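The chain below stands alone, shown as C-alpha cells; this is the form deposited in one PDB entry.
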C-alpha cells in the first residue's frame, strides 16, 4: 500500500527562474549553490524522462548520494516528476518513493514549490516520522540555498 504526503516550499525567486535553476541548469547550479552538495553527475539519458542523475552530498561527516530518475517533465507548466532509484533516499526500509512537483506563483512574485510524495515501505512499517521531519528540514535548507544563490547571481 501507498502512503501519500503533500508539502509546500516557498521561495522569493520567480517560478520560471527557479525552474530553470533546478531542472534545466540543475547539473551546474545545484552544486554551485548548495554548500552541502558536492556534485551532480548525469549517468543516463538526455535530460528527458528516464534520465538518472546522481547527487552527492555531505551529512553527519559522511559523503552520501542519491539517484534521481526523471519520471515526467512539463517545462511549459513548471512540472517535474522524479523518483529515487537508489543511494540513501531509497533505504532498505523504502521499496519505492516518488515526487510530483509543480512551481506556482507565490507571494510578491515568488514561488510555491508544491510536492506530492508517494512512498511504499518494506514490510508493515510506516514511513519513519523522524526521517520525514529531517527530510523536510533538508528540503527547506536546499530551497533556501538555491534562493540565496540566485538572488546574488541572476
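Residue numbers count along the first chain shown, from 1. Think of the rigid core as the biggest set of C-alphas that the two forms share within 1.5 Å after superposition.
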property: Other compared entries missing residue 50, a third or more; result: no
property: Absent coordinates for residue 123 in a third or more of other compared entries; result: no
property: Residue 136 - which third its CA temperature factor falls in, relative to the rest of the chain; result: highest
property: Third of chain Cα B-factors occupied by residue 67; result: lowest
property: B-factor third for the C-alpha atom of residue 54 within its chain; result: lowest
property: Chain thirds of CA B-factor: placement of residue 148; result: middle
property: Residue 73 CA temperature factor, ranked by third within the chain; result: highest
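There is another form of the same protein, the form deposited in another entry; it is not shown, and what comes next is about it.
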| query | finding |
| --- | --- |
| Residue showing a 2 Å-or-more C-alpha displacement between the shown form and the other one once the rigid core is overlaid, selected from 58, 28, 43, 107 | 107 |
